[PDB]
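Consider the single chain below, provided in structure tokens and representing the form deposited in one PDB entry.
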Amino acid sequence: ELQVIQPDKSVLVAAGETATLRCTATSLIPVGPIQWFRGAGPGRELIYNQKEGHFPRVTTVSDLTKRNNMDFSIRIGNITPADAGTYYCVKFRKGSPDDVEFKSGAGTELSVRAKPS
């Protein structure tokens, strides 16, 4: 059975630096995307998906254009306190009119600290 694994419960980042949000899927089935969100529930914010969207501050750790890629980790550059919150790596199954959440990672708390000078 599929596991979406976020190995870090927390990440502490100095302001201006890059946060690494780790996620790995144990399998690539069932058919459907993996997306990153900030928060859970109805008001969760989309942070990343593979489609051409507006995620300029986000880069991926691995090459997500690879069919066999199982690393869904992302990097968010130029971190500020506004980026603090809990991030979730979420797997969906395909559906119409909506894709249906299948499995979520356990979450990564991104905390921010001041940088000297």
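Position 1 is the first residue in the sequence shown; the rest follow in order.
If you average the C-alpha B-factors over 26 to 34 and over 52 to 60, the higher value belongs to 52 to 60. Among all modelled residues in this chain, the alpha-carbon of residue 21 has a temperature factor (C-alpha) in the lowest third. Ranked within its chain, residue 95 lands in the middle third, by CA B factor from the PDB record.
Ranked by Cα temperature factor within the chain, residue 42 sits in the highest third according to the deposited record. In this PDB entry, the Cα temperature factor of residue 68 sits in the middle third of its chain's modelled residues.
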